[PDB]
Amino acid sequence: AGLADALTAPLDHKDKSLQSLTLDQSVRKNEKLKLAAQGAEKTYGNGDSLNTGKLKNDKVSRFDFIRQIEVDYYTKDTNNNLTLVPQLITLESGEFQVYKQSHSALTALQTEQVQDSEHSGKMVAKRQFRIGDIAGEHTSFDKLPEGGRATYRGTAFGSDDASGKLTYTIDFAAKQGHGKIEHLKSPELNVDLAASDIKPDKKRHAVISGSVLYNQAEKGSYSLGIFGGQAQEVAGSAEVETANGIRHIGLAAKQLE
């Protein structure tokens, strides 16, 4: 059971492929994100690293997550002394999903329950699926291969559905990429990832931002990042319109051998 190992054991260099993943978007400052699986539990803050090295590659590892913030209320004790009573306000709760590759990884949050209108401690059930962090060894835009084509194959996973097949292709001469998502339960999500050019972002990493097409029809967008010194992997997300509103999908692919 490498989930509890990911929750209790420290980092290791002889672990396979991607060792660590910094949790920045999954937890904000002053928040506590508690993950539990296989009878183990660990609390995470803002800079904290998740030991993805113990997780299996190319699969979606699942934890139970609860997101809390701590408040110290002011009370008067037996005497007239000030006593602070710490109370943990549960902000969110659900399933925490992690997809691990060799040079990249991403987390997704399946919110099952949140606080209520005007709060007051009551939890209401409201589902949401969003992407957390997308981290790894970003490929430099200025160190991309000068030519050749590359076929990345991988997984597209959304709410209650992790069987999506992602297929992306990058021509490094034209510096362009395009792909498709297949075999998802929801038919409106099996979309084409339209051709768009490779761009450098603010830190000059290699990223691709294109349109999501459903029967040659624009119904959202997708963002991918290139990871690995030799552009081994891609990882990102997609926002797709459906009859049930907008859905979010996690994307992660790698070249094969």
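Each residue number is its position in the shown sequence, starting from 1.
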Next on the checklist: Per the record, averaged over C-alpha atoms, which has the higher B-factor: 30 to 38 or 194 to 202?
Outcome noted: 30 to 38
Item to check | Comparing 221 to 229 with 57 to 65, the one whose average Cα B-factor in the PDB entry is higher | outcome: 57 to 65
Item to check | Highest recorded Cα temperature factor - choice among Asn81, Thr167, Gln176, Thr111 | outcome: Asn81
Checklist entry - Which of these, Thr151, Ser140, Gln115, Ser93, has its C-alpha atom at the highest B-factor, as the entry lists it? => result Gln115
Item to check | Chain-wide C-alpha B factor ranking for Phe129, given as lowest, middle or highest third | outcome: lowest
Checklist entry - C-alpha B factor of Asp161, ranked within the chain: lowest, middle or highest third? => result middle
Item to check | Relative C-alpha B-factor of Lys180, binned into the chain's lowest, middle or highest third | outcome: lowest
Checklist outcome for this item: Entry-reported C-alpha B-factor of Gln87 relative to its chain, by third, is highest
Item to check | Ranked C-alpha temperature factor of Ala9 among modelled chain residues, by third | outcome: highest
